[PDB]
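J.: Residue numbers (the deposited numbering): 41 to 520. Once you've had a glance at the structure underneath, I'll fire off some questions.
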Ligand SMILES: OC[C@H]1O[C@@](CO)(OC[C@H]2O[C@](O)(CO)[C@@H](O)[C@@H]2O)[C@@H](O)[C@@H]1O
Ligand SMILES: OC[C@H]1O[C@@](CO)(OC[C@H]2O[C@](O)(CO)[C@@H](O)[C@@H]2O)[C@@H](O)[C@@H]1O
């Protein structure tokens, strides 16, 4: 991967929300030496959100005692008692290796998050676990993970959300150590997802109003929805979360954008947040990928995106995504191709493996318009990005790789006004991925695609009528 974060070696999994220390963002992520094997927390720094510097393991796997997801905060006021500016983290671990005992362990660092010391006693015990007996109770006790910590400025205390089976739990605390149980957050459509890696934060919209957001990784495949990240805007009063609407909004419509996390940007912490996700899906994550045999590592994170909250008519709010601004500094060549009308198919005179392509498509009678990336000259391999019906689709089907096939999860789609007769597309292509930012970024589709060495072409296509392809610009992205 040219511009996507990958581990030096081993298995990459869930990223942990970054903390800001030493002028950079400190990213943590689950790492294991074996694919989908037991592991812990590794460390990587980044100052711009594009290039990362790996520092190795910081919260190691212990004998039959792995480290799962959680989060970390900079105890600036020294409320935890480990010192002013101490980086305090909570992480779920299966006590005694017992899954039904998975609970929250605290770790703290005095050097900005580079080395952590462990507090032996869990700060939030899995009481249900020890009482669980029925097959229903133990299943519940086996889903009490991923603590996301947030400082509630209004009440002056810490609030923490934990993912449970088809619901989320809340706890408050004045010192990150002693937690008081609050009311749960329930939602109607359980066919959505069971809440893993929940997110909790406050953000200011373009109209100046403050809002809370509760989100989480879901699995809504069964009902035709994504298996990525969904959020509910609302408010937290210190005892329970009030969603403005119980039907959540999605942040990505692609196949691979799981365990996503968000963090405040250094330059505008209240209005602009950064986000990054693990580009993988559990439907097939536990397996060997091309990079394993060629480089000994498995997994990459998505590009870092910027998030902002925009007011909508009717008084509701939605998030908007766009590639991290600094990516522009890694552009090594900018190629513009003349506008053109195509009726059927046409191959662009450009080839590459890591780049960003922007273009507009306007049509009338055409029922299908689109662009194909990673096109092999033998004409057999390619990934299709286009508009059909009410779908803005990304079909990685013709890019399936022998022995690493992603079937049947080939065609991802985001909703788009079927009445639209034009659309703007910003597409990021890298050696093992495709990320499509549609229009103004309200809808994004992220997916891993196993491109071959010769999958470097690009072609345009329409079905049922001509389409005008304009503003075509291709930006080659480099290592630095
Ligand atoms: O079975 C889960 C279901 O039960 C409710 C209450 O009706 O809460 C269960 C849950 O609340 C705790 O006390 C705290 O999170 C847990 O210990 C207990 O399992 C629902 O909210 C939930 O959907
Ligand atoms: O290569 C372009 C050509 O392929 C067709 C069908 O053979 O469409 C491909 C493309 O459209 C969808 O079916 C829309 O849902 C995608 O899933 C699929 O990738 C032609 O329409 C097009 O001209």
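Virtual Cβ for every residue (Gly too), placed ideally from N, Cα, C.
Taking 8 Å as the cut-off, is the beta-carbon of residue 449 closer than that to any non-hydrogen atom of ligand 2?
T.: Flag unset: Cβ of residue 449 not near ligand 2.
J.: Does ligand 2 have even one heavy atom less than 8 Å from the beta-carbon of residue 324?
T.: False, no ligand heavy atom lies under 8 Å from that Cβ.
J.: Would you call the CB atoms of residue 517 and residue 470 closer than 9 Å?
T.: The answer is yes: Cβ separation under 9 Å.
J.: For residue 319 versus residue 487, is the C-beta distance shorter than 9 Å?
T.: Taking 9 Å as the Cβ cut-off, residue 319 and residue 487 qualify as a contacting pair.
J.: Apart from the five residues on each side of it in sequence, which residues of its chain come closer than 7 Å, Cβ to Cβ, to residue 504?
T.: If we look at residue 504 and ignore the five residues flanking it on each side, its Cβ neighbours are 405, 406, 407, 408.
J.: Grab the span of the beta strand (DSSP E) containing residue 589 for me, first residue to last.
T.: Past the boundaries of the shown model lies residue 589; the chain is included only from 41 to 520, so the question cannot be answered.
J.: Could you tell me the boundaries of the alpha helix (DSSP H) in which residue 306 lies?
T.: Run containing residue 306: none; DSSP gives neither H nor E here.
J.: Since residue 363 is in the beta strand (DSSP E), which residue starts that stretch and which ends it?
T.: Here the beta strand (DSSP E) through residue 363 covers 356-363.
J.: Does residue 263 come out as helix, strand or coil in the three-state DSSP assignment?
T.: Three-state DSSP puts residue 263 in a helix.
J.: With a threshold of 8 Å, establish whether the CB of residue 168 neighbours any heavy atom of ligand 1.
T.: Yes, Cβ of residue 168 sits closer than 8 Å to a heavy atom of ligand 1.
J.: Give the secondary structure of residue 337 by DSSP, where H, G and I count as helix, E and B as strand, and everything else as coil.
T.: Residue 337 falls in the strand class under three-state DSSP.
J.: In angstroms with no decimal places, state the Cα-to-Cα distance between residue 44 and residue 343.
T.: Looking at the two C-alpha atoms, the distance is approximately 6 Å.
J.: If we count the other Cβ atoms within 10 Å of its Cβ and call it buried at 16 or more, is residue 142 buried or exposed?
T.: Residue 142 should be labelled buried.
J.: Are there three or more Cβ pairs, one per stretch, closer than 8 Å when the region 117-132 is compared with the region 147-159?
T.: Because the criterion of three Cβ pairs below 8 Å is met, the region 117-132 and the region 147-159 touch.
J.: Considering only their Cβ atoms, is the gap separating residue 63 from residue 83 smaller than 9 Å?
T.: Not a contact, by the Cβ cut-off of 9 Å.
J.: Report the rounded CA-to-CA distance for residue 86 versus residue 366, giving the unit in angstroms.
T.: Rounded to the nearest angstrom, the two C-alpha atoms are 11 Å apart.
J.: Quick one: is the Cβ of residue 443 within less than 8 Å of any heavy atom of ligand 2?
T.: No; taking the cut-off as 8 Å, the Cβ of residue 443 has no heavy atom of ligand 2 nearer than that.
J.: Please write down, chain order preserved, every residue whose beta carbon lies under 7 Å from a heavy atom of ligand 2.
T.: Any residue whose Cβ sits closer than 7 Å to a heavy atom of ligand 2 makes the list: 385, 408, 410, 412, 424, 426, 428, 431, 433, 435, 437, 451, 501, 502, 503.
J.: Give me, in chain order, the residues of the same chain whose beta-carbon lies closer than 6 Å to that of residue 162; leave out the 5 immediate sequence neighbours on both sides.
T.: 143, 144, 145, listed in sequence order.
J.: Helix, strand or coil for residue 323? Go by DSSP, reduced to three states.
T.: Three-state DSSP puts residue 323 in coil, outside helix and strand.
J.: By the three-class DSSP mapping on this structure, what secondary structure does residue 274 have?
T.: Strand, per DSSP.
J.: What number of angstroms, rounded off, separates the C-alpha of residue 453 from the C-alpha of residue 436?
T.: So the alpha carbons of these two residues sit roughly 11 Å apart.
J.: Between which two residues does the beta strand (DSSP E) containing residue 208 stretch?
T.: 207-213 is the extent of the beta strand (DSSP E) around residue 208.
J.: Using the three-state DSSP reduction, which class does residue 250 fall into: helix, strand or coil?
T.: Of the three classes helix, strand and coil, the one that applies to residue 250 here is strand, per DSSP.
J.: Check each candidate in 376, 299, 497, 355 and name the one with the smallest Cα separation from residue 31.
T.: Because the chain is modelled from 41 through 520, residue 31 falls outside the range shown and cannot be assessed.
J.: Residues in its own chain within less than 6 Å of residue 259 by CB, not counting five upstream and five downstream?
T.: Cβ within range, chain order: 233, 267.
J.: For the beta strand (DSSP E) that residue 189 lies in, which residues bound it at each end?
T.: Taken as a continuous stretch (DSSP letters only), the beta strand (DSSP E) holding residue 189 covers 184-192.
J.: Counting C-beta neighbours from all protein chains within 10 Å, is the total for residue 164 16 or more, i.e. buried, or is it exposed?
T.: With 16 or more Cβ atoms within 10 Å of its Cβ, residue 164 is classed as buried.
J.: Tell me whether residue 101 is buried or exposed, calling it buried when 16 or more other Cβ atoms sit within 10 Å of its Cβ.
T.: Burial call: buried.
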